[PDB]
Q: 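My questions will all concern the structure given below.
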Amino acid sequence: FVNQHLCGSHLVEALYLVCXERXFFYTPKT
Amino acid sequence: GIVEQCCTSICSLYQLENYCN
């Protein structure tokens, strides 16, 4: 599920699934 | 940033994990 173009909600969902209890930060502008 | 690496180019587990805490 990770080895594709992932944008917007699709990208945030991947971060959620991969990072688990570590959590994550999503910073699209930079 | 993440958009450049995962949205406008193909994402990877390696890159996603750069954004986990």
Side-chain angles (χ1 to χ4, degrees):
Chain A
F1 59 109
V2 299
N3 299 290
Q4 61 182 312
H5 295 94
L6 295 170
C7 304
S9 69
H10 301 193
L11 178 49
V12 166
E13 150 178 311
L15 285 165
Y16 170 73
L17 291 172
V18 161
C19 295
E21 292 184 351
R22 295 175 279 182
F24 65 85
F25 64 100
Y26 178 56
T27 303
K29 296 303 185 176
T30 182
Chain B
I2 196 175
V3 168
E4 289 64 51
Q5 301 316 323
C6 282
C7 173
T8 64
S9 72
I10 300 167
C11 199
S12 65
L13 180 58
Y14 184 101
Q15 287 293 322
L16 285 168
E17 286 201 328
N18 281 328
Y19 300 95
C20 307
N21 300 309

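A, B, ... follow the sequence lines: proteins, then strands. Residue 1 opens every chain. Any value given below was found using the heavy atoms of this structure, including those in side chains, with hydrogens, waters and symmetry copies removed.
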Q: Please classify the contact between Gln5(B) and chain A as side chain, backbone, both or neither, with a heavy-atom cut-off of under 4.5 Å.
A: neither
Q: As an exercise, state the distance from CG of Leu6(A) to SG of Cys11(B), rounded to the nearest 0.5 Å.
A: 5.0 Å
Q: Please flag which part of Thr30(A) lies under 4.5 Å from any non-hydrogen atom of chain B: side chain, backbone, both or neither.
A: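 Answer is both: backbone and side chain atoms of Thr30(A) are under 4.5 Å from chain B.
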Q: Verify the cluster assignment for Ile10(B) and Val3(B): are they in a single hydrophobic cluster under the rule of side-chain heavy atoms below 4.5 Å apart?
A: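 Unlinked, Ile10(B) and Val3(B) end up in two clusters.
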Q: Can you tell me how far SG of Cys7(B) sits from NE2 of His5(A), rounded to the nearest 0.5 angstrom?
A: 8.0 Å
Q: Disulfide (SG to SG under 2.5 Å) for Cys20(B) and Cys19(A)? Distances and angles first, verdict last.
A: CA-CA 5 Å; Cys20(B) 307; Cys19(A) 295; 2.0 Å; yes
Q: In Å and rounded to the nearest 0.5 Å, what is the CD1 to CZ distance from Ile2(B) to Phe25(A)?
A: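 The CZ atom of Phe25(A) is 8.0 Å from CD1 of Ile2(B), to the nearest 0.5 Å.
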Q: Report the residues that fulfil side-chain contact (heavy atoms from CB on, under 4.5 Å) with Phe1(A), sequence neighbours left out, ordered by chain and then residue number.
A: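 Partners of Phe1(A) by the side-chain contact (heavy atoms from CB on, under 4.5 Å) criterion, ordered by chain and then number, come out as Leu17(A), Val18(A).
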Q: Residues two or more places apart in sequence or in another chain: which of them pass side-chain contact (heavy atoms from CB on, under 4.5 Å) with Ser12(B)?
A: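 Here the qualifying residues are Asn3(A), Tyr14(B), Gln15(B).
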